[PDB]
């Protein structure tokens, strides 16, 4: 059989879109973490002080997932040909 | 094996829409935060002032992912040939 | 290696739909905001006047995200070749 | 390197379907408006008249996002070659 | 540069499925309306008469988008080459 | 520019898998209606008779969209070449 | 213009995966029905039997859509060349 | 007109991933069943024996489609060339 | 008619992402079981021991579906040429 | 029949985005694990210590599927040619 | 006995709730704790309770 290697330079960018579709997904998980702190504080204000660590932790992890996806999108272009 | 480099200029634009679909994904989390503040206000009006700092915060960071997700597609075009 | 450059004019019009797919996702954020305002006001009508700004804010922002997506689709065609 | 302009006329009609996929998403929010107004109207019949404008407004704005997507689908064909 | 025009005839039938995928996406938001009517009628059966105008309205125009999404794929084929 | 018509016969079938992907998304809407009927009757037992008329209507017309979504994929193959 | 018909035999299979993605979407519709039955029965054990016909009916004509979709994916291969 | 049959062997392994995307769509439905069993028994522990059949029954069905969704991709490779 | 077999080695990888995309869909089902166990024990602490078996079981089943989806992606590369 | 083997090097990077899209989906589950634990603590402060084990369990183990969903895209580029 | 009051905050098994004029008609158990009452003059008055039921009319 015959053998044609091809190097498509446009495909340097298409992937950046698909990762970019997943950068907004954890944003849902952002509000879901703060919302739970709102109502849980509305239901029990005195407990609001010690539920904050859990809230910031959840928001930070969800944001970390978003950040890694975004990092793929930005790392996909400025180094790859 | 023979080597064909190809440069697809059309792919400069396709990815623009692909991140654009990810710009609306945070928009549902927006009301996920604001609804939390609303129902928490009806839960306790007196706490309305103390939950606001996590409303305006809980939106903007969700908006931040909507910006970077939106940034790429706008950065994707006016610089890339 | 050998260098073949292609300019796909058809890609002018594919991505217009790709952004257009995401224009509808913020509509759920819209209705989520209003649903929260309705159940909250029905829970406490006195607070309705106080929650209206937040609603108008949390709505608009959601709508804005859709608009940006839409803008791409409209900026994708009548200027690009 | 060599330069090939290609015009894919068949791509005049592939992008309409992606927008068309976006036209039905806002319905998730459309009923989400009425679904609130019902429950609200149940929990307080007297306020059913005062929450009515808000419901109409939210429905209309969700539907406007849907409409813009649909407009792309119709505009994608009857003017483009 | 050289000018290759292509007319892909099979694509006329690819977009039929593409809009078809969005014909059922409203259906969750179609049954959401009747779902709300059931829970609301259980909440206050005497209000059941006052709510069904705001049900059918939210029903048909939630169904309507599917038609607007369906019509495309049916308009996509029997006229286009 | 030279005119290369192409008639892709494989494209007769790929689209069939697209509409088929949308035949499932009504099913969640289907079970939403009966779930509403269950929780409504468990909320008000004697109302169970007067809610069923508004339960079958959401059942068929939610199923109906699936039929049309299912129709295209079956209408896409056994008539088209 | 010159007419190049093509018959892509790989397209016999790609579509089969697409419908397969839709075979799972009814599965989330199954547990909606049974979860409703559980919470309705714990809400009212005396209505456990009267709501069982709808508990079964929600699964049959929901899984049926999964079967129609799966039927496409398996009908797509063992007859088409 | 002219006729070029092409046999794309790569499509053997593309569709395998395409079904794999749907194998997890049941899992979110799987946990819905047991979540219901938990909270339903939390409302009435004495009923936990009567609801458990419908709980076990709810899994194997929801899981079954996953297998069928998973079947194709495993049916797609170890037989097709 | 003429006959061109093509063996695209790149298709060894394009599916791996798609199978990879569905590995995170069950994670919502993962937390759907633990969230339920949390709120269930929050309504009846004494029953926490009797609901733990179901909780572990559901986490395991959702995780198994995720694992199969992941297995396709890892099996798609290290054996296929 | 003739046989053209092709090696598409661009496909090395397309899939990088494709897995990346599924990296943010688990976030909705991840925050769910915390979004439960808050409300449960708001439902029962004294049981907050006994629910915490199953609050970091699902946290890290849903994040584990996120890790393997991301590890493909990072394993897709710096080893493959 | 039917005193005019601007707002009132109650403790429940579900949690803590707030009540204003025209609050939604709702009834639920009171969990054994404290209660806060705010009169129109900005003052406040707090009462320890032992369970009970609170009924809020739409009027």
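Apart from one condition, residue A:8 fits all of (1) crowded, with 19+ Cβ neighbours inside 10 Å; (2) in contact with a strand residue (DSSP E or B) (Cβ under 8 Å, 6 or more places away or on another chain); (3) closer than 30 Å to residue K:17 by Cα; the exception is (3). Restricting attention to segment I:25-53 and to residues that are in contact (Cβ under 8 Å) with a residue 12 or more places away in the chain and more than 30 Å from residue H:75 (Cα to Cα), the residue that is surrounded by the fewest Cβ atoms within 10 Å (Cβ to Cβ) turns out to be I:52. Among the criteria (1) within 15 Å of the chain's Cα centre (by Cα); (2) more than 30 Å from residue G:6 (Cα to Cα), the one residue F:51 does not fulfil is (1). The residues in segment K:10-22 that are in contact with a helix residue (DSSP H, G or I) (Cβ under 6 Å, 6 or more places away or on another chain) and away from chain A (no Cβ under 13 Å) can be counted, and the count is 3.
For residues that are without any contact (Cβ under 8 Å) to a residue 60 or more places away in the chain and within 20 Å of residue C:8 (Cα to Cα), scanning just segment D:12-24, find the one that is surrounded by the fewest Cβ atoms within 10 Å (Cβ to Cβ).
If we take residues in segment D:12-24 being without any contact (Cβ under 8 Å) to a residue 60 or more places away in the chain and within 20 Å of residue C:8 (Cα to Cα), then D:14 is surrounded by the fewest Cβ atoms within 10 Å (Cβ to Cβ).
Take the residues in segment F:18-29 that are facing chain E (nearest Cβ under 7 Å) and not in a loop (DSSP other than H, G, I, E, B), then tell me which one is farthest from residue E:45 (Cα to Cα).
The first filter runs over segment F:18-29 and keeps only residues facing chain E (nearest Cβ under 7 Å), leaving F:18-19, F:21-23, F:25-26, F:28-29.
Then drop every residue that is not not in a loop (DSSP other than H, G, I, E, B), which leaves F:18-19, F:21, F:25-26, F:28-29.
Working: F:18: 42, F:19: 40, F:21: 39, F:25: 31, F:26: 28, F:28: 26, F:29: 24 Å.
Ranking the candidates gives F:18 first.
The set of residues in segment E:54-81 being touching a helix residue (DSSP H, G or I) at 6+ places or on another chain (Cβ under 6 Å) and without any contact (Cβ under 8 Å) to a residue 24 or more places away in the chain consists of E:54, E:55, E:68. Considering each residue of segment K:23-39 in turn, none proves to be under 21 Å from residue C:49 (Cβ atoms), more than 14 Å from chain A (Cβ to nearest Cβ) and surrounded by fewer than 12 Cβ atoms within 10 Å (Cβ to Cβ). Within segment B:36-57, being closer than 22 Å to residue D:36 by Cα and either in contact with a strand residue (DSSP E or B) (Cβ under 7 Å, 6 or more places away or on another chain) or facing chain A (nearest Cβ under 7 Å) (or both) holds for B:36, B:37, B:39, B:40, B:43, B:44, B:45.
Could you list all residues from segment D:1-17 that are within 7 Å of chain E (Cβ to nearest Cβ) and outside any helix (DSSP H, G or I)? The answer is D:3, D:4, D:5, D:6, D:7, D:8, D:13, D:14.
Looking at (1) closer than 15 Å to residue F:62 by Cβ; (2) more than 8 Å from chain D (Cβ to nearest Cβ), can you tell me which one residue E:74 breaks? Of everything listed in (1) closer than 15 Å to residue F:62 by Cβ; (2) more than 8 Å from chain D (Cβ to nearest Cβ), residue E:74 misses just condition (1). If the condition is being within 17 Å of residue D:31 (Cα to Cα) and surrounded by fewer than 24 Cβ atoms within 10 Å (Cβ to Cβ), then segment F:54-81 contributes F:54, F:55, F:57, F:59, F:61. All conditions in (1) more than 26 Å from the chain's Cα centre (by Cα); (2) under 18 Å from residue A:63 (Cα atoms) hold for residue B:44, with the sole exception of (2).
We place every Cβ from the backbone using ideal geometry, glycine too, and count neighbours over all the protein chains shown. Throughout, read-outs are computed from the coordinates displayed, never taken from laboratory work.
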